[PDB]
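Here is the structure we will look at.
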Amino acid sequence: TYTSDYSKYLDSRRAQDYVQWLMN
């Protein structure tokens, strides 16, 4: 669960980067 949630955090960081790219 630590592991799976850390992965979701990384996925969230990536999706955030993507959101910024979409607006750039």
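Every heavy atom of this structure was used, including side-chain atoms; hydrogens, water molecules and symmetry mates were not. Residue numbers run from 1 in the order of the sequence given.
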First locate atom CD of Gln20, then atom CE of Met23, and finally report the distance between them rounded to the nearest 0.5 Å.
6.0 Å
Value rounded to 0.5 Å, distance of CG in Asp5 from CG in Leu10
11.0 Å
Do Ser7 side-chain atoms and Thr3 backbone N/O form a donor-acceptor pair below 3.5 Å?
yes
